[PDB]
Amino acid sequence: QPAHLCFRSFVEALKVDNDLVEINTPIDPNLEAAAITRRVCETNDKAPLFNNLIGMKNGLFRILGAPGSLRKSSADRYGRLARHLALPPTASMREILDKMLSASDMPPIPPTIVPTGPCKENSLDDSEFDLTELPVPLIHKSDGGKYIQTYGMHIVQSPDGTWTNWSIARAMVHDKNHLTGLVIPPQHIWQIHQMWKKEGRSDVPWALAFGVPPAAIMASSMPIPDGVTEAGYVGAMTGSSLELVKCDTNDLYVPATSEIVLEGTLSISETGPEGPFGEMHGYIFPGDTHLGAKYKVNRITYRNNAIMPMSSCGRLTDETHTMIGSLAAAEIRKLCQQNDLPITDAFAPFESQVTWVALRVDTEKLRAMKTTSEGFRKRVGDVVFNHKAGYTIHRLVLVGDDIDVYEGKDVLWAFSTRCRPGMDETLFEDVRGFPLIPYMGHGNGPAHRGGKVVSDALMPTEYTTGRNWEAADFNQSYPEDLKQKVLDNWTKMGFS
């Protein structure tokens, strides 16, 4: 089965790519696996596969770190992401994001139910497992718990059965048969929880599947629209109906080749201590413990030789940057276009810790709008910051046709030189804010509201008559014939 549709096949693809290091000597899930993984992410090294984890009992479990992190080379920088999607490993970010958006104007391809799959090879009932006795990693030294859940798929369904949501949200072990985790607005796991709580009859039937089909974990990380079942969107994106098997203890369906499946309920009443956690912006606030949602685990099923994927998240560059940022930016691009805004491309620069999105403007179309910076800034911010796709993003940077938004250097150059602080910006204080950003949840202002800005790095004539500068760079400040002569004579003259 293909790498994009089967996690076990994806691990083999990383091996064949020489993009894996198999560590067959004992590694401690208490910090060591995540430390190795963290160093990998900070240095764009090969993904580590920990085949010998201290505390692995009855096939639970191996760990793959850095499943969606970057490669060292520019030529296949995004190759792990490309391996999630059946794309060539040399795929550009534009090509990855266009693949992730391709299902947005296709009919869903609903999933196919099969009677069994590898995820049923082993099972443990409510008398046979203890989540405190599994080799769950301690990812950061001050974490408030062992974070079993960084790269699995929560599966919850609306009470009426019409929407089944797949998403990533963190969770840690609370006791032998419970997790706690973040369930916050406006996330779809929270929207669905709210539906069950207002019905008031029962806890939310739930499953958490780890090592799901790579194309499914990408959609799990993407803010596709409210009410859209991720299974059908991944089906349309891949052109293949996903095979799912029923859970043993509830009527939800999990990917048939899931490495590890937890079945149980998400409580509509109970909470427990959650966090702190070393998070995507690069911080942990030690002893910052809050109350989180509480999950009850009734059953575990798993593959022989099961592999748990793990994100050791924090400072650049890991899955919280390459997937959270980039996939939000893709949905923002589409959202702007659907609102008749002349946006061609969007990307969350890694240098902004994926708190900015750079929006490339088709300035020919902008000129035909006969508008102004203040007006256009206001319109773009109202569209993006009042939508769920804009949740994690606190600064939008508008740039003209000459900027490649996928090149952080060029975004920073445009931002720094074409946007006058204050005058070329509009602040948004009455929009939902992302509290995980330290200046929000641990800052001077409301944790959940405001602190957003649209920064216009379009120059004045981009709205009227056209770009009125040339860059003072090799590309733009010299004629073609000269540039080519210089390049052709470069090593002859003595340069490197």
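Counting begins at 1, following the sequence as shown.
(request) Give the stretch, out of 53-61 and 457-465, with the larger mean C-alpha temperature factor in the deposited entry. (result) Between 53-61 and 457-465, it is 53-61.
(request) Going by the average Cα B-factor in the PDB entry, point out whether 31-39 or 441-449 comes out higher. (result) According to the entry, 441-449 carries the higher average C-alpha B-factor.
(request) Could you check 398, 348, 134, 308 and tell me which one carries the biggest Cα B-factor in the deposited entry? (result) When the deposited C-alpha B-factors of 398, 348, 134, 308 are compared, 134 is largest.
(request) Can you pull the Cα B-factors for 357, 368, 323, 316 from the entry and say which is highest? (result) That would be 368.
(request) Give the position of residue 295 by CA B-factor within its chain, expressed as the lowest, middle or highest third. (result) Residue 295: CA B-factor falls in the highest third of its chain.
(message) Test of reading the entry: by CA B factor among the chain's modelled residues, which third contains residue 125?
(response) Residue 125: CA B-factor falls in the highest third of its chain.
(request) Tell me, lowest, middle or highest third: where does the Cα B factor of residue 476 rank within its chain? (result) Highest third of the chain for residue 476's C-alpha B-factor.
(message) Lowest, middle or highest third: which one holds residue 379 when the chain's residues are ordered by CA B-factor from the entry?
(response) Within its chain, residue 379 is a highest-third residue by C-alpha B-factor, going by the deposited values.
(request) Ordered by C-alpha B-factor within the chain, which third holds residue 151? Give me lowest, middle or highest, please. (result) Bottom third by C-alpha B-factor.
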